[PDB]
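Taking the form deposited in one PDB entry, here's one chain by itself in structure tokens.
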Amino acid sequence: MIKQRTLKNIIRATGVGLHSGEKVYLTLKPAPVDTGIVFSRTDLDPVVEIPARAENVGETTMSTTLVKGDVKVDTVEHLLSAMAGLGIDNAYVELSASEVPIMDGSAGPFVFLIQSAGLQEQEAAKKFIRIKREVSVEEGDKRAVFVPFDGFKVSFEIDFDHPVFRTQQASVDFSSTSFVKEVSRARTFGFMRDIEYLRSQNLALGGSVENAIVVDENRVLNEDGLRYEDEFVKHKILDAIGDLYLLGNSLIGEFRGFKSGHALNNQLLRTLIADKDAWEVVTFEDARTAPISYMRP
């Protein structure tokens, strides 16, 4: 069978919040079968645990934020992307502060640290959410849709006019083991234009060339430029895999986003969950006939 996966060992990282600029200590821990990904604010007494699920999402403003009462876990999309990409069902994510560390802006450091520690297949069937009908949402021109597909595939189009794009489209099939190579190292990005305002609403406070692609009027500012020519839209795919993992299981279907962000991504999951004829939960008692395959543990 395609088995549930956790971490083989505990992982410790130290970084900064992209939006808060706060020093945070990250501890990823093994978790039992059917735990899912649970975030934990360990700086609070008592410890406050928020499962990484669609229902727990609060604001979706320049990131995906989980909320329980007045308590928040901000910027979960890149770490969840990494977990989703490597096929991690069950893990406790402890944070010493409200926001996940930004690292280099990518999921690369997360996939590196996780695979350094390694994965543990568990004695239980991995559950997948199979898309059964098309499910679309639209906020005027912006647009997000799930369509049935035999495997996992994510398509996305940046529509907006800026000199730096030399149109950014991409469409990637993650039915096999493509995630690390294709999208993992795609960094987040922001415009010099927006920084003054974002800092005024307590955002991008930890933002710099170290953890992001910074885009002036005409040029990328980063000394060493891009990792891929389509890095911008590859990151929109990275974000999408993160947000989509808030379903709490791996997807068997296709996602297409036209200028869709965290807001629409979450609207999509909320509608999908509501429409129980548009999806079902499946396991695979034989991995050889499954539409998805994963890296050796």
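We call the rigid core whatever largest set of C-alpha positions still superposes within 1.5 Å between the two forms. Residues that one form lacks are left out of the comparison. Numbering starts at 1 and follows the sequence shown.
Unshown form deposited in another entry; subsequent notes refer to it.
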Upon rigid core superposition, which of the listed residues (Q122, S98, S175, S155) is displaced by 2 angstroms or more at its Cα between the shown form and the other one? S175
Post core alignment: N202 C-alpha displaced by 2 Å or more between the shown form and the other one: yes
Are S40 and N202 closer or farther apart at their Cα atoms in that other deposited form than shown, with the shift being 3 Å or more? farther
Working note: in that other deposited form the C-alpha atoms of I10 and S176, off by 3 Å or more, come farther
Listed by sequence position, which runs of three or more consecutive residues have C-alpha shifts of 2 Å or more between the shown form and the other one, the rigid core held fixed? 175-177, 199-203
